[PDB]
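Next up is one chain by itself, shown in structure tokens, the form deposited without 5-bromofuran-2-carboxylic acid (14J).
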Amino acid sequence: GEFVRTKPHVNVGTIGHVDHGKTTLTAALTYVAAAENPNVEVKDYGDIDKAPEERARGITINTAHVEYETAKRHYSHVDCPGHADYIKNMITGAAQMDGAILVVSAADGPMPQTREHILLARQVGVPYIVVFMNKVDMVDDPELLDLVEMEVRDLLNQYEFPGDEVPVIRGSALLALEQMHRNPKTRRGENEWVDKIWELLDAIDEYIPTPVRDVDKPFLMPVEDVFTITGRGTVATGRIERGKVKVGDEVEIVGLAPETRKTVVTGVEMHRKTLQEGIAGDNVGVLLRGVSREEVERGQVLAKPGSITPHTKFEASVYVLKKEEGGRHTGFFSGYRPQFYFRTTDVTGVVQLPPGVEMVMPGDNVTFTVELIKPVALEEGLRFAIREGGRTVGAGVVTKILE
């Protein structure tokens, strides 16, 4: 049908180590919210981990976007993979979040991708974190629980989140989900596990603010995914960063190709509901005329024509991770060619150290020059992550555009 705005819109999502319960929690949130609001459609576990490859490998691979609502706000929720080999997909998900739910298993405590996701969430601009300590149904010992919370709070402090202040809600995504399957009309106050999901929803409502967005600036939407809808055409999805888009608007597809391409927007939807106008903050699908899914891709941005010129060369200030943060064991030299992650963009780049700087070591705060192999929408002050060989090695911020 159509999309009617009634309340503020906020983008959230789930991050955390593999198997800690992100997808089960995402499902539980839809069920719990649906009992109290008839406009929420429930999403079961298999509705989220829906792809054949996810069923095959037994993990989340692709991000999933689900919708739910509280009395206060409307949410789009991006559920990210925790597996170490799908960090690239997690980064693109986090690039869409106004706040993240960090899921940590009470039975395991923080693990390497608990650290890595916190670190990366920061580098794609996630401003607030709420913690859900999951699987408490498995942990009687209340000292182990206090310890996990302590460790998580301290870990957040390491990446400049306010660790001693974040809400930490203790619950079981699975038992709440079970209760909602047995009674889909279960209301707040009836069930112990469901009420913990309400505690989480309250914390999301109140701790994660609605961000200041600018709908007056030129339209800009980083592309998070692209697909073909049968009988309609190519859809590029993403969170609108600023400005507005209406059907009939000409937009430019910027980045990753040798040259920029223009086309006309022929549809805008949020959660498969028709939008008269997409605005900053909306999580939308934009139907694009006359382009195939091989002509638009993740990491490009849609923009008002002429408003963004992509770049290839820049200066940056970089912190190189110590190995005690899952970084490199050894340093690197000029000519090092890692992957650079800017918002939803992932691109190989060449490190060109200045004359006199022979080597960069883990733990170093350093400045250098990067030449990307493809043009990308870039901006001064833009944060990025650096990865190489399947591990995060650095965190940086663009100092100055050179080209």
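The numbering used is simple: start at 1 and walk along the sequence shown.
- Note on 110-118 vs 323-331: mean CA B-factor is higher in 323-331.
- The stretch 388-396 shows the higher mean C-alpha B-factor when 17-25 is compared against 388-396 in the entry.
- Comparing the listed residues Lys246, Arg187, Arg239, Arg170, the entry records the largest Cα B-factor for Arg187.
- For the set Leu256, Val301, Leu177, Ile308, the PDB entry assigns the largest Cα B-factor to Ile308.
- Among the modelled residues of its chain, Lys313 has a C-alpha B-factor that falls in the highest third according to the deposited record.
- For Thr274, the recorded CA B-factor ranks within the middle third of the chain. Only modelled residues enter the ranking.
- Per the deposited record, the Cα B-factor of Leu156 falls in the middle third when ranked against the other modelled residues of its chain.
- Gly285: CA B factor in the lowest third of modelled residues in this chain (values from the PDB entry).
- When the modelled residues of the chain are ordered by their C-alpha B factor, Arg73 lands in the middle third.
The form solved in complex with 5-bromofuran-2-carboxylic acid (14J) is left out here; the points below concern that form.
- Shown here without its partner, the chain carries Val245, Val251 and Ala303, none of which come within 4.5 Å of 5-bromofuran-2-carboxylic acid (14J) in the deposited complex through any heavy atom.
- For the residues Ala257, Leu147, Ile229, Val215, the 4.5 Å heavy atom test against 5-bromofuran-2-carboxylic acid (14J) in the deposited complex is passed only by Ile229.
- The partner is absent here, but in the deposited complex a heavy atom of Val286, alone among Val286, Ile204, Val194, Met221, sits within 4.5 Å of 5-bromofuran-2-carboxylic acid (14J).
- Shown alone, this chain has one stretch from 160-168, 94-102, 324-332, 278-286 that lies within 4.5 Å of 5-bromofuran-2-carboxylic acid (14J) in the deposited complex by heavy atoms: 278-286.
- Mapping the unseen interface onto this chain, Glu269 counts among the residues with a heavy atom inside 4.5 Å of 5-bromofuran-2-carboxylic acid (14J) in the deposited complex.
- In the deposited complex, 5-bromofuran-2-carboxylic acid (14J) sits beyond 4.5 Å of every heavy atom of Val318.
- Under a 4.5 angstroms non-hydrogen atom cutoff, 5-bromofuran-2-carboxylic acid (14J) in the deposited complex lacks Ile308 among its neighbouring residues.
- In the deposited complex, 5-bromofuran-2-carboxylic acid (14J) stays beyond 4.5 Å of every heavy atom belonging to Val130.
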